[PDB]
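Engineer: The following block contains the structure, expressed as structure tokens.
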Amino acid sequence: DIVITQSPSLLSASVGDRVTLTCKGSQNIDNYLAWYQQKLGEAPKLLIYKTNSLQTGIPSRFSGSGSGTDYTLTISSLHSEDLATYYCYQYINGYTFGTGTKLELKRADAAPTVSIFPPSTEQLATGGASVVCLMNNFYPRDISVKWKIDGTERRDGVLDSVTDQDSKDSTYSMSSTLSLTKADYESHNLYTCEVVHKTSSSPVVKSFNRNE
Amino acid sequence: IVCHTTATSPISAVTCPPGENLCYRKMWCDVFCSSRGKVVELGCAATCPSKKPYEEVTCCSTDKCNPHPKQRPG
Amino acid sequence: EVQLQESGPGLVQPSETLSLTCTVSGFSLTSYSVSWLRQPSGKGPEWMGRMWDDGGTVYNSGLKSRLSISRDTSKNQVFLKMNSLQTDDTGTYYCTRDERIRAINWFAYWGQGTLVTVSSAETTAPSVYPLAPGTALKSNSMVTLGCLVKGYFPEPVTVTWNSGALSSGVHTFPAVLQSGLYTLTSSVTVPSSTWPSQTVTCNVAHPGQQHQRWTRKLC
Amino acid sequence: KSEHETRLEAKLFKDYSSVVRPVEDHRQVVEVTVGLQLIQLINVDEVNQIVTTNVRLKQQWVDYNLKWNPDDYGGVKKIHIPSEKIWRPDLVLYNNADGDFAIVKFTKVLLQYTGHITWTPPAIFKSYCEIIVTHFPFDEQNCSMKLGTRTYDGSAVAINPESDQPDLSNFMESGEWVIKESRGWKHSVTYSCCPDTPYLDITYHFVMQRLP
Ligand SMILES: *[C@@H]1O[C@H](CO)[C@@H](O[C@@H]2O[C@H](CO)[C@@H](O[C@@H]3O[C@H](CO[C@H]4O[C@H](CO[C@H]5O[C@H](CO)[C@@H](O)[C@H](O)[C@@H]5O)[C@@H](O)[C@H](O[C@H]5O[C@H](CO)[C@@H](O)[C@H](O)[C@@H]5O)[C@@H]4O)[C@@H](O)[C@H](O[C@H]4O[C@H](CO)[C@@H](O)[C@H](O)[C@@H]4O[C@H]4O[C@H](CO)[C@@H](O)[C@H](O)[C@@H]4O[C@H]4O[C@H](CO)[C@@H](O)[C@H](O)[C@@H]4O)[C@@H]3O)[C@H](O)[C@H]2NC(C)=O)[C@H](O)[C@H]1NC(C)=O
């Protein structure tokens with residue numbers, strides 16, 4: 001069948017910018033090329049069919065062009081809700097899809113709101129302890145977390161996850177859960193979460209000691 | 001001398017080459033005659049060419065004098 | 001008004017068979033075609049087959065021997081059946097409504113998707129532990145609390161805050177796999193006036209093993 | 001599979017019109033590739049200088065609205081359909097020496113998934129041959145056949161020879177005559193009706209010579 005490659009694979013751009021995505025076929029497509037948008041958790045939405053026909057209920061900023069083997073999607077001025085993954089696909093000779101272009105928005109710097117939580121009493125009964133630190137709403141995605149137990153850093157038992165950009169403000173959030181045994185947990189006293197990011201010269205520090 | 005010609009399409013007004021003084025118009029019905037009318041041929045000639053009983057040919061020695069009948073000569 | 005809803009079993013073991021349902025509203029299946037697509041893990045979408053408007057079917061030739069597609073028009077439902085499963089088949093499965101010009105078709109409307117995961121591991125219930133702050137400095141306009149949803153399988157898990165009263169003040173974090181088992185956090189930021197006074201409660205649900213939890217936040 | 005073939009034909013022809021030319025925009029021209037196959041001389045009238053030949057009138061063009069995706073119809077890449085169901089350029093043979101236009105039998109076309117139509121309808125044509133008087137110890141005559149569209153003009157339909165000569169690959173030869181020479185030439189023809197409008201023909205001749 002026809003093979004499709006999309007570019008740019010990851011794209012950065014500020015709001016109001018004009019962006020163009022490209023879809024290149026391995027053989028002639030003859031204008032039977034569609035474009036759809038996919039935000040996370042939501043049903044994919046067709047934007048354009050037959051190279052340049054706008055699907056009904058789609059904004060005017062979206063438009064398509066191309067012929068033969070080379071097609072483009074344009075968003076004339078980028079909005080914040082346009083944060084999504086864009087896929088092209090081909091419907092004359094089987095059905096093949098592009099790899100997909102992820103759109104990340106350029107933004108000003110935001111500092112994380114940092115907060116630490118002690119392991120719950122319900123949890124401790126099971127013989128495990130999870131300590132969690134939450135860094136909400138920051139930009140860029142350039143953030144190092146560091147756990148320390150009685151002043152020395154721990155690295156075993158830490159699991160990190162970062163969200164995708166928010167639809168509204170275009171920030172990220174992170175959570176690191178440091179998980180231990182109850183034995184290892186109460187074998188120490190000071191528990192401190194240390195957050196490094198370009199919006200502060202020295203690290204933002206949150207900790208709980210014992211019970212407070 | 002400048003003769004119209006049906007070598008090209010549309011009909012070009014080519015300069016008739018030396019050794020050939022005349023221009024012409026040659027008309028006849030082919031199988032499409034009742035809808036399209038008579039076939040039209042235009043060109044140069046050394047002498048004014050043959051007129052077969054079905055065929056019909058007219059000649060001239062001035063410039064651009066052999067046009068399509070629905071267009072102006074001269 | 002055009003909508004599609006896919007329902008399936010979260011977990012299926014290898015050698016078992018998958019059966020999916022697509023439930024449709026806003027049109028009839030007698031005048032529109034419906035296709036099944038899937039997108040496996042770390043892969044692009046592929047078309048699996050079609051339930052034609054006229055009642056028949058067509059399949060992707062590579063999957064033809066494993067598949068069957070059917071519908072009950074009186075229920076506004078399309079069904080997919082798939083056998084001889086393998087870990088490759090883990091992914092998200094979509095039903096689409098197809099649009100046509102002469103003999104050419106394309107995919108016009110999707111359902112949200114259902115996550116299908118193929119694994120020998122058995123379904124496991126999450127433990128929903130509270131996350132509450134130890135310190136309370138001011139009576140200011142923001143305070144963050146959370147729920148730790150730990151020790152479940154398979155995905156997904158759904159999390160809401162005081163039912164629908166949450167909006168874009170909430171973060172739910174992507175789950176991480178540790179020892180063959182998923183764990184995840186959610187958080188919500190509310191005013192310091194609101195929190196101690198009102199009762200905040202996250203609502204966790206893991207359909208895969210029939211759990212619907214509610215942990216009231218303690219101050 | 002015939003279930004797939006049946007469905008294909010119904011969807012190809014539900015919204016099809018055979019009256020309109022199969023182009024996307026109406027200013028475009030339908031390109032038709034033409035070839036004459038000579039099969040056999042069947043009658044030779046040396047009094048009235050007429051020869052009757054069995055020919056095939058090979059025609060090739062793309063019908064935009066007849067494309068399909070082979071994946072949709074179980075991998076079917078081509079079908080046979082009756083020529084009476086489709087648009088045709090209405091191509092005819094003339095200087096037919098008794099009766100104006102030669103009657104061409106409507107055989108099935110081969111339709112491919114790309115919209116490509118191949119049609120090779122058989123016909124019987126009476127050429128009026130001219131005697132060649134260049135040098136005749138052995139006799140020679142020159143027989144001709146004109147091809148052209150009956151209604152459409154050069155701007156609606158363009159005809160193009162597939163080759164310089166008639167196709168003789170299926171020609172069964174005579175015991176008395178031999179085709180010494182043959183060619184196909186294309187012509188723009190101007191008519192008295194239409195000063196600005198080109199018509200088009202292709203004229204195939206062959207010179208036959210008597211064997212000693
Ligand atoms: C048996 O009976 C049959 C049926 O009666 C006889 O059939 C006749 O056979 C002869 C062949 O002997 C044919 O003559 C040749 O015709 C072709 C085609 O003519 C048509 O197309 C021409 C071009 O039109 C295209 O281009 C223009 C732009 O230039 C474009 O605008 C247009 O849209 C189109 O795309 C037209 O010029 C031409 O019009 C002329 O003829 C009409 C009558 O046929 C008439 O109505 C018009 O008024 C006008 O007079 C027509 O539409 C020609 O290509 C070919 O021309 C070459 O040969 C002759 C030789 O005398 C010469 O006069 C030309 O100058 C030209 O010469 C080339 O070849 C020479 C080789 O010796 C070379 O030295 C030249 O330098 C020149 O070379 C250039 O061209 C060649 C291609 O030919 C190229 O490869 C070179 O690189 C170089 O560029 C002949 O005229 C008849 O058409 C045909 N008649 C019919 C009805 O079928 C048959 O002969 C009989 N047999 C026997 C044994 O008796």
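Residue numbering restarts at 1 in every chain; chains get A, B, ... in the order shown in the structure tokens, and ligands count up from 1 in that same order.
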Would you mind listing what lies within 12 Å of range 69-72 of chain B as a list in words, with only C-alpha atoms counted and same-chain residues fewer than 3 positions away left out?
Structural biologist: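 Counting only C-alpha atoms, the residues come to residues 4, 11, 25, 26, 27, 37, 38, 39, 40, 41, 42, 58, 64, 65 and 66 of chain B; 190, 191, 192, 193, 194, 195 and 196 of chain D.
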Engineer: I'd like a table as a tab-separated table: residues in chain B with an atom no more than 8 Å from ligand 1, each row giving the shortest atom pair and its distance in Å to one decimal, only C-alpha atoms and all ligand atoms counted, sorted by chain and rising residue number.
Structural biologist:
```
residue	atom	partner	partner_atom_place_in_ligand_line	distance
B:5	CA	ligand 1	48 (O)	6.0
B:6	CA	ligand 1	48 (O)	4.4
B:7	CA	ligand 1	39 (O)	3.5
B:8	CA	ligand 1	31 (O)	3.5
B:9	CA	ligand 1	33 (O)	4.8
B:10	CA	ligand 1	31 (O)	7.3
B:41	CA	ligand 1	48 (O)	5.1
B:42	CA	ligand 1	48 (O)	5.3
B:43	CA	ligand 1	48 (O)	5.6
```
Engineer: Find the nearest atom pair between each residue of chain D and chain C for residues within 10 Å, count only C-alpha atoms, give distances in Å to one decimal, sort rows by chain and ascending number, and present the table as a Markdown table.
Structural biologist:
```
| residue | atom | partner | partner_atom | distance |
| --- | --- | --- | --- | --- |
| D:3 | CA | C:56 | CA | 8.7 |
| D:4 | CA | C:58 | CA | 8.2 |
| D:7 | CA | C:54 | CA | 9.0 |
| D:8 | CA | C:103 | CA | 7.0 |
| D:9 | CA | C:103 | CA | 8.7 |
| D:10 | CA | C:103 | CA | 8.7 |
| D:11 | CA | C:103 | CA | 5.1 |
| D:12 | CA | C:103 | CA | 5.4 |
| D:13 | CA | C:102 | CA | 7.8 |
| D:14 | CA | C:102 | CA | 7.5 |
| D:15 | CA | C:102 | CA | 6.5 |
| D:16 | CA | C:102 | CA | 7.9 |
| D:65 | CA | C:102 | CA | 7.0 |
| D:66 | CA | C:103 | CA | 7.6 |
| D:67 | CA | C:103 | CA | 7.1 |
| D:68 | CA | C:103 | CA | 5.7 |
| D:69 | CA | C:104 | CA | 6.6 |
| D:70 | CA | C:104 | CA | 10.0 |
| D:71 | CA | C:60 | CA | 6.9 |
| D:72 | CA | C:58 | CA | 6.5 |
| D:73 | CA | C:58 | CA | 6.9 |
| D:74 | CA | C:58 | CA | 6.5 |
| D:75 | CA | C:61 | CA | 8.2 |
```
Engineer: Have a look at A:94, A:140, A:44, A:203 and name the one nearest to chain D; count only C-alpha atoms.
Structural biologist: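 Once distances to chain D are computed over only C-alpha atoms, the minimum belongs to A:94.
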Engineer: Have a look at CA of residue 28 in chain D and CA of residue 35 in chain B and let me know their distance in Å, one decimal.
Structural biologist: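 Separation between CA of residue 28 in chain D and CA of residue 35 in chain B: 24.2 Å.
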Engineer: Can you pull out every residue within 7 Å of range 80-96 of chain D, counting only C-alpha atoms, but drop anything in the same chain fewer than 6 positions away, and send it as a ChimeraX atom specification?
Structural biologist: /D:18-19,21,102,106-111,125-127,145-150
Engineer: Can those selected residues be exported to a file as an mmCIF file, in the first residue's frame so that it contains N, CA, C and O atoms?
Structural biologist:
```cif
data_model
loop_
_atom_site.group_PDB
_atom_site.id
_atom_site.type_symbol
_atom_site.label_atom_id
_atom_site.label_comp_id
_atom_site.auth_asym_id
_atom_site.auth_seq_id
_atom_site.Cartn_x
_atom_site.Cartn_y
_atom_site.Cartn_z
ATOM 1 N N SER D 18 -23.914 8.249 -17.431
ATOM 2 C CA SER D 18 -23.163 7.977 -18.655
ATOM 3 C C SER D 18 -23.242 9.099 -19.688
ATOM 4 O O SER D 18 -22.587 9.018 -20.721
ATOM 5 N N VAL D 19 -24.021 10.138 -19.406
ATOM 6 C CA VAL D 19 -24.230 11.248 -20.337
ATOM 7 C C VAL D 19 -23.123 12.309 -20.254
ATOM 8 O O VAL D 19 -22.802 12.934 -21.269
ATOM 9 N N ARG D 21 -19.233 13.815 -19.477
ATOM 10 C CA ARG D 21 -17.841 13.403 -19.627
ATOM 11 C C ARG D 21 -17.195 13.221 -18.250
ATOM 12 O O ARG D 21 -17.375 14.069 -17.377
ATOM 13 N N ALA D 102 -19.366 2.795 -39.674
ATOM 14 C CA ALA D 102 -19.271 1.364 -39.411
ATOM 15 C C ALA D 102 -19.854 1.025 -38.041
ATOM 16 O O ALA D 102 -19.615 1.733 -37.059
ATOM 17 N N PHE D 106 -20.761 -3.701 -29.159
ATOM 18 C CA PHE D 106 -20.513 -3.304 -27.776
ATOM 19 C C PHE D 106 -20.192 -4.523 -26.902
ATOM 20 O O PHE D 106 -21.061 -5.136 -26.287
ATOM 21 N N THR D 107 -18.912 -4.874 -26.900
ATOM 22 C CA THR D 107 -18.355 -5.864 -25.987
ATOM 23 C C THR D 107 -18.089 -5.242 -24.609
ATOM 24 O O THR D 107 -18.076 -4.012 -24.457
ATOM 25 N N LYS D 108 -17.832 -6.105 -23.626
ATOM 26 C CA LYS D 108 -17.495 -5.664 -22.275
ATOM 27 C C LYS D 108 -16.182 -4.892 -22.236
ATOM 28 O O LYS D 108 -15.284 -5.141 -23.034
ATOM 29 N N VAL D 109 -16.098 -3.937 -21.316
ATOM 30 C CA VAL D 109 -14.845 -3.240 -21.011
ATOM 31 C C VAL D 109 -14.190 -3.939 -19.817
ATOM 32 O O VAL D 109 -14.847 -4.675 -19.069
ATOM 33 N N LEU D 110 -12.881 -3.730 -19.697
ATOM 34 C CA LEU D 110 -12.114 -4.107 -18.529
ATOM 35 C C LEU D 110 -11.937 -2.826 -17.745
ATOM 36 O O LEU D 110 -11.345 -1.875 -18.240
ATOM 37 N N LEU D 111 -12.460 -2.800 -16.529
ATOM 38 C CA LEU D 111 -12.302 -1.661 -15.625
ATOM 39 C C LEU D 111 -11.361 -2.049 -14.486
ATOM 40 O O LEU D 111 -11.570 -3.051 -13.831
ATOM 41 N N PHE D 125 -15.287 -3.142 -41.578
ATOM 42 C CA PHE D 125 -15.156 -1.883 -42.309
ATOM 43 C C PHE D 125 -14.915 -2.109 -43.796
ATOM 44 O O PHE D 125 -14.045 -2.891 -44.153
ATOM 45 N N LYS D 126 -15.662 -1.399 -44.645
ATOM 46 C CA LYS D 126 -15.417 -1.373 -46.103
ATOM 47 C C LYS D 126 -14.596 -0.150 -46.510
ATOM 48 O O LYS D 126 -15.132 0.952 -46.595
ATOM 49 N N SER D 127 -13.302 -0.343 -46.750
ATOM 50 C CA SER D 127 -12.455 0.710 -47.311
ATOM 51 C C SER D 127 -12.652 0.778 -48.819
ATOM 52 O O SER D 127 -12.807 -0.255 -49.461
ATOM 53 N N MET D 145 -8.809 4.124 -43.545
ATOM 54 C CA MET D 145 -9.921 4.184 -42.601
ATOM 55 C C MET D 145 -9.722 5.382 -41.689
ATOM 56 O O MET D 145 -8.641 5.547 -41.127
ATOM 57 N N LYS D 146 -10.762 6.194 -41.517
ATOM 58 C CA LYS D 146 -10.696 7.387 -40.656
ATOM 59 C C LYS D 146 -11.302 7.069 -39.295
ATOM 60 O O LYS D 146 -12.380 6.499 -39.240
ATOM 61 N N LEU D 147 -10.633 7.466 -38.215
ATOM 62 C CA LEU D 147 -11.194 7.405 -36.864
ATOM 63 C C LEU D 147 -11.419 8.791 -36.290
ATOM 64 O O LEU D 147 -10.552 9.649 -36.395
ATOM 65 N N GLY D 148 -12.564 8.985 -35.640
ATOM 66 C CA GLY D 148 -12.877 10.246 -34.990
ATOM 67 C C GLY D 148 -14.093 10.125 -34.101
ATOM 68 O O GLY D 148 -14.871 9.169 -34.221
ATOM 69 N N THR D 149 -14.250 11.077 -33.188
ATOM 70 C CA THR D 149 -15.430 11.107 -32.339
ATOM 71 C C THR D 149 -16.580 11.709 -33.125
ATOM 72 O O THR D 149 -16.384 12.650 -33.892
ATOM 73 N N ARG D 150 -17.769 11.150 -32.913
ATOM 74 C CA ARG D 150 -18.969 11.528 -33.647
ATOM 75 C C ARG D 150 -19.478 12.909 -33.280
ATOM 76 O O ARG D 150 -19.894 13.656 -34.160
#
```
Engineer: Smallest atom-to-atom distance to residue 206 in chain D: which of D:38, D:113, D:43, D:54, using only C-alpha atoms?
Structural biologist: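 Going through D:38, D:113, D:43, D:54 one by one, the smallest distance to residue 206 in chain D is for D:38.
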Engineer: Return as a PyMOL selection string the residues belonging to chain A that are within 9 Å of chain D, counting only C-alpha atoms.
Structural biologist: chain A and resi 91-95
Engineer: Store the residues picked out above, limited to C-alpha atoms, as a compact mmCIF listing (two decimals), in the first residue's frame.
Structural biologist:
```txt
# COMPACT_ATOMS: atom_id res chain seq x y z
CA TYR A 91 -8.11 6.15 1.53
CA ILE A 92 -7.66 5.09 -2.20
CA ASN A 93 -5.29 2.10 -1.81
CA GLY A 94 -5.93 0.44 1.52
CA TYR A 95 -5.89 2.63 4.59
```
Engineer: Applying 7 Å and only C-alpha atoms, which residues near residue 209 in chain C remain after dropping the ones on its own chain fewer than 4 positions away? List them as a list in words.
Structural biologist: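 These residues fall inside the cut-off: residues 123, 124 and 125 of chain C.
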Engineer: Please produce an output containing N, CA, C and O atoms for each residue in the selection, written as a CSV table (one decimal), in the first residue's frame.
Structural biologist:
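Once written, part_7.csv looks like this:
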```csv
chain,number,residue,atom,x,y,z
C,123,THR,N,-6.7,-9.6,37.0
C,123,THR,CA,-7.1,-8.3,37.4
C,123,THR,C,-6.9,-8.0,38.9
C,123,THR,O,-7.2,-8.9,39.7
C,124,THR,N,-6.4,-6.9,39.3
C,124,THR,CA,-6.2,-6.5,40.7
C,124,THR,C,-6.7,-5.2,41.0
C,124,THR,O,-6.6,-4.2,40.3
C,125,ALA,N,-7.4,-5.1,42.2
C,125,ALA,CA,-8.0,-3.9,42.7
C,125,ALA,C,-7.0,-2.9,43.2
C,125,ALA,O,-6.0,-3.2,43.9
```
Engineer: As a count of residues only, which residues of chain B does DSSP assign to alpha helix (DSSP H)?
Structural biologist: 4
Engineer: Would you list, as a ChimeraX atom specification, the residues of range 6-200 of chain D that end up in strand (DSSP E) under DSSP run on this structure's backbone?
Structural biologist: /D:30-45,50-62,78-82,91-94,108-112,116-119,122-128,130-131,140-149,157-161,177-191,199-200
Engineer: Could you jot down the CA of residue 89 in chain A to CA of residue 95 in chain C separation for me, Å, one decimal place?
Structural biologist: 16.3 Å
Engineer: I'd like to know which of C:3, C:140, C:203, C:162 is closest to chain A, using only C-alpha atoms.
Structural biologist: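 Closest to chain A, using only C-alpha atoms: C:3.
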Engineer: Set out as CSV a contact list for chain A and chain C with a cut-off of 6 Å, giving each residue of chain A that qualifies its closest atom pair and distance in Å to one decimal, counting only C-alpha atoms, ordered by chain and rising residue number.
Structural biologist:
```
residue,atom,partner,partner_atom,distance
A:42,CA,C:112,CA,5.5
A:43,CA,C:112,CA,3.9
A:44,CA,C:110,CA,5.9
A:46,CA,C:108,CA,5.9
A:117,CA,C:133,CA,5.7
A:161,CA,C:174,CA,6.0
A:163,CA,C:173,CA,5.7
A:212,CA,C:134,CA,5.2
```
Engineer: Taking C-alpha atoms for each residue, export the selection above as a PDB file, in the first residue's frame.
Structural biologist:
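Saved the output as part.pdb:
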```
ATOM      1  CA  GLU A  42     -11.098  12.374  23.569  1.00  0.00           C
ATOM      2  CA  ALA A  43     -12.499  10.804  20.355  1.00  0.00           C
ATOM      3  CA  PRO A  44     -10.438  11.682  17.235  1.00  0.00           C
ATOM      4  CA  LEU A  46     -11.868  14.729  11.338  1.00  0.00           C
ATOM      5  CA  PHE A 117       2.415  14.676  51.545  1.00  0.00           C
ATOM      6  CA  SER A 161       5.256  10.927  35.928  1.00  0.00           C
ATOM      7  CA  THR A 163       1.410  15.274  32.507  1.00  0.00           C
ATOM      8  CA  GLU A 212       3.189  17.718  61.965  1.00  0.00           C
TER       9      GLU A 212
END
```
Engineer: How far is it from CA of residue 23 in chain D to CA of residue 156 in chain D, in Å with one decimal?
Structural biologist: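 That distance, rounded to one decimal, is 9.8 Å.
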Engineer: Closest to chain B among D:209, D:169, D:197, D:142, using only C-alpha atoms?
Structural biologist: D:197
Engineer: Find the residues around residue 63 in chain C up to 12 Å (only C-alpha atoms counted), leave out those fewer than 6 positions away in its own chain, and share them as a list in words.
Structural biologist: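 Within the cut-off, the hits are residues 36, 37, 38, 46, 47, 48, 49, 69, 81, 82, 83, 84, 85 and 89 of chain C.
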